[PDB]
Amino acid sequence: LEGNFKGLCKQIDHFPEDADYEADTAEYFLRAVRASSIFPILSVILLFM
Amino acid sequence: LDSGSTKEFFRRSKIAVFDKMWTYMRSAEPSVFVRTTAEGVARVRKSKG
């Protein structure tokens, strides 16, 4: 919103091109946890259950 | 760098720590010789580590 192509939505993904980290075991977890946001999903399911 | 004196040093290298690298550089796919010095620099800038 407030760009040239206003009101246009697309998918976002974790940074795939020259990420400059070689899958650091602390970094690769926190990126995968954010992209597949399991803890906001787990808040949805436990509210439902 | 091709046809340089840094090529000649690993060619004439006698020490075993120096000899094992030139058998690695000759048996390297693809060929790592570059046309100019700055084009070898631009390969590192696009190398990804």
# chains A, B, ... in the order shown; residues from 1 in each chain; ligands from 1
$ interface_residues --of "chain B" --to "chain A" --cutoff "12 Å" --atoms "only C-alpha atoms" --output "number ranges by chain"
B: 45-49
$ residues_around --residues "residue 4 of chain B" --least-positions-apart "6" --cutoff "12 Å" --atoms "only C-alpha atoms" --output "ChimeraX atom specification"
/B:10-11,33-37
$ select_by_dssp --residues "segment 3-49 of chain A" --states "helix (DSSP H, G or I)" --output "list in words"
residues 27, 28, 29, 30, 31, 32, 33, 34, 35, 38, 39, 40, 41, 42, 43, 44, 45, 46, 47 and 48 of chain A
$ residues_around --residues "segment 16-31 of chain B" --least-positions-apart "5" --cutoff "12 Å" --atoms "only C-alpha atoms" --output "list in words"
residues 1, 2, 6, 7, 8, 9, 10, 11 and 40 of chain B
$ atom_distance --atom1 "atom CA of residue 42 of chain A" --atom2 "atom CA of residue 16 of chain A"
25.9 Å
$ atom_distance --atom1 "atom CA of residue 14 of chain A" --atom2 "atom CA of residue 34 of chain A"
8.6 Å
$ atom_distance --atom1 "atom CA of residue 30 of chain A" --atom2 "atom CA of residue 8 of chain A"
28.0 Å
